[PDB]
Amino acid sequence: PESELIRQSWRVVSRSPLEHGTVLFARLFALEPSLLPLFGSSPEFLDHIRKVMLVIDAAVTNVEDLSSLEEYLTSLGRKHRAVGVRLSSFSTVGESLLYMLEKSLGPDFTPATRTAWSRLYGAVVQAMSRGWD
């Protein structure tokens, strides 16, 4: 019931991944402008947006069994720690993801859809958090 809400809402976003990823990152810097220096240039920034959207694509494909990605996501967390990202900043990324989905879906972004996404994103960050251990 939750795996279908995620798949169906992600299909709408998948129609334009850099456009939607760009809304997510614009929200992220509005909330936590201190993050912007962690990036490099414009092509590096835009390519990172594509990389984030591909990781969420993999999380959506594996939504019924995210443990199959836990080692990959742990390594991703280690890489983010290595380049100076604080684990706390991932809560603001989650708020920015839910913002971008609400703007993309409007009234189709039901509380059940939001809650499903909150849980999926939380499982992704729980796996990544191991990289800060």
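The first residue of the sequence shown is number 1, and the count goes up from there.
When the mean C-alpha temperature factors of 21 to 29 and 109 to 117 are read from the deposited coordinates, 109 to 117 comes out higher. For the segment pair 74 to 82 and 45 to 53, the entry gives 74 to 82 the higher mean B-factor, averaged over Cα atoms. Ranked by C-alpha B-factor against the other modelled residues of its chain, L38 falls in the highest third. Remark: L66 belongs to the highest third of its chain, ranked by C-alpha B-factor as recorded.
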